[PDB]
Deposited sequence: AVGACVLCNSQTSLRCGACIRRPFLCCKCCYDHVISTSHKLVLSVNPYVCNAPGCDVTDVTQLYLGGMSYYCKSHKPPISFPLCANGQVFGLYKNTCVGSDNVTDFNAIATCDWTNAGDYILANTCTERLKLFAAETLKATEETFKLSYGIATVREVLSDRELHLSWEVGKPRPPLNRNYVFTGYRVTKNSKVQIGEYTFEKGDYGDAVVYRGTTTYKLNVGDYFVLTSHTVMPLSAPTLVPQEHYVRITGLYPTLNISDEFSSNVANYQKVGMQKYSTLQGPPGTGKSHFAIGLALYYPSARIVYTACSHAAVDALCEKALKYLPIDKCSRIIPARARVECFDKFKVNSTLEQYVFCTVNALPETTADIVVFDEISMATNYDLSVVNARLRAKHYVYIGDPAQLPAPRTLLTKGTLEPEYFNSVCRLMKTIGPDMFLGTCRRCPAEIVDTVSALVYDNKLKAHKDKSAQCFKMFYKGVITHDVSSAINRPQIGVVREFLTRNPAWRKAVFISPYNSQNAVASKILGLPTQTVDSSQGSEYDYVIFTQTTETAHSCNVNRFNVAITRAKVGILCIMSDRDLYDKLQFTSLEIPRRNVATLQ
């Protein structure tokens, strides 16, 4: 009931009862809130409500202190101060941007912009409010009761009347009833459970609405610049394999936190693991939001770091298959590999946060809150994909607004830039370099002469709002008959439904651009499917085409992005 003012820290008894997070506000700031927002309920030890029997006045602006008690204009005794006077609200110990965060629905880009240009304590209020709003939206969707069980991977679903139906992709994970987490794909729907259970008729699912704990730690601890490598002990014996990164490893030791922008295939994983071999005594916690990013860092560690000082942290509520080849849940091993939402309370000489474009400010805060560390290293690329903002429907979230790390990488620049792509044919490296990296990404590899583009708008059908372009898959099928080297290709599109159709007609393995991020394939077939803002997003486009080691076929809908592709054009 007595805490700190989320805007000026000042001690106060005053929470806003109208904010969903109920932040402590100081008298000077609590006024400036209630006098310019629909937010009028103020909380103290007791609520600022008229104390007269059967009176319903709760608006702080219509209330007075009557002795030690609160009354409205109609019930106040002659000797009474108004609670709102001279720019203050009476409490104990006696904002434009705070007002916009407190009252916004988080459906506009400008909301996320402001949640990332604001002060550091307001970034935490913002991140808390957003996540709370995100969760209380999941309740708004309808329950799914099973009508008929076809098989071991298909069923027919009965949806609740009046309440909307959530998108049926891998992004929306249901909880069955506690018969374990479950996902769906498109009257026959494809059902995939985190447990192998006899999925009964009349069993039901609901989206796992989790309780939003409060944030305490900043997104970014304050910066500290040192004169010498602090708390770390470098080798003089460092294998030539990691010689490129020695100057960057010494930057990491002479600062509190460092930022690494590594475009696709520029040696992020290599740099992360190479940090351990350069500071061989140092205890390192490797963390990312997804299980895939943490498992990728594990594969790289398996190759270069001793398996007996590596532990993969797996939360008891197991949701996906994880990296098996380390000791599981040994928190005190020199090398710990853990998703942000499973991080234990511990310390470390270096923390490496990877896939930073996928981190929210909520994730950036949790990390600083569970790990106390000499050095924090932030690895990713603001030109790759952000965490999905399920509430955002209006405006596009630019990369400088993804999180505080990406804002730093986009404003003042990253500390370290890996500038040579070793993965992609020059045609792909030259294209993305001009598109998202201001011509600063360089091609190691030669032009493959296996990078083709076809401008083919086709026909767009829709499985609800997820898009399909059968003619674009038809063009692919025709290409494959003449190009049997591509039979091994991964099919990629911005749409699950397009992928579903492509799986059946082509037989190729299938990835959404978003699920493809971090992965690499010899040959890639990309159908843009539509020319919407989703499919023309330059970040998503950048990821789509940089998955390819040898060849790529791009069937394009967008004249703009088609023209920019420095690929051999095809006909038909």
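Unmodelled regions of the deposited chain sequence (numbering from residue 1, in sequence order): 95-102, 186-193, 203-206, 593-601.
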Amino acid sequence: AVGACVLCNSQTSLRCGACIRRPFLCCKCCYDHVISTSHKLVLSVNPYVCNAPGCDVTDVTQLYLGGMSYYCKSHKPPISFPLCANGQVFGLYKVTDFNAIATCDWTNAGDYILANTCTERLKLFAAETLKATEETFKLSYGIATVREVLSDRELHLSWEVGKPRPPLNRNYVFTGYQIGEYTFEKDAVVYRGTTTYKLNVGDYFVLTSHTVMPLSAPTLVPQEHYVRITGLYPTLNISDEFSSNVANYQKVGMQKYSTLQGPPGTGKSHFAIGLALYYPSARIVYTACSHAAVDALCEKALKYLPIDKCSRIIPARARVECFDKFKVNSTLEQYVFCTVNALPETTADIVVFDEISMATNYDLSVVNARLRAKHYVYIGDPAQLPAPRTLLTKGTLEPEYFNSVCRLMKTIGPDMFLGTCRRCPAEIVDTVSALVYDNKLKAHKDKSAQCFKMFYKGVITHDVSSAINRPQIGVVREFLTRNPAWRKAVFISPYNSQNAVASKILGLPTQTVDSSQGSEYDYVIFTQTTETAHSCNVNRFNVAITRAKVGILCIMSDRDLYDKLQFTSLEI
From here on, numbers count along this sequence of modelled residues.
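The term rigid core refers to the maximal set of C-alpha atoms that superpose within 1.5 Å between the two forms.
In summary, of the stretches 67-75 and 289-297, 67-75 shows the greater Cα distance from the shown form in 9 other deposited structures of this protein, with structures fitted on the rigid core. Stretch comparison, 326-334 versus 211-219: after rigid core superposition, larger RMS CA deviation in 9 other deposited structures of this protein is found for 326-334. In the other compared entries of this protein that model both flanking residues, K445 has coordinates in every one, well short of a third left out. Modelled in this chain, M416 is likewise resolved in all the other entries of the protein that span it on both sides, not missing from even a third of them. Look at the C-alpha B-factors of 3-11 and of 563-571. On average they run higher in 3-11. Taking the mean C-alpha B-factor of each stretch as recorded, 139-147 and 441-449 are not equal, and the higher mean is that of 139-147. Of the candidates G265, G253, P166, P386, the one whose C-alpha carries the top B factor in the deposited record is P166. The entry assigns its greatest Cα B factor, within the set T195, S290, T393, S433, to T195. When the CA B factors of the chain's modelled residues are split into thirds, the value for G202 lands in the highest one. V513: CA B factor lies in the lowest third for its chain, per the PDB record. Sort the chain's modelled residues by C-alpha temperature factor and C26 lands in the highest third, per the entry. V475: CA B factor in the lowest third of modelled residues in this chain (values from the PDB entry). Per the PDB record, residue ranking by Cα B-factor puts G67 in the highest third of the chain.
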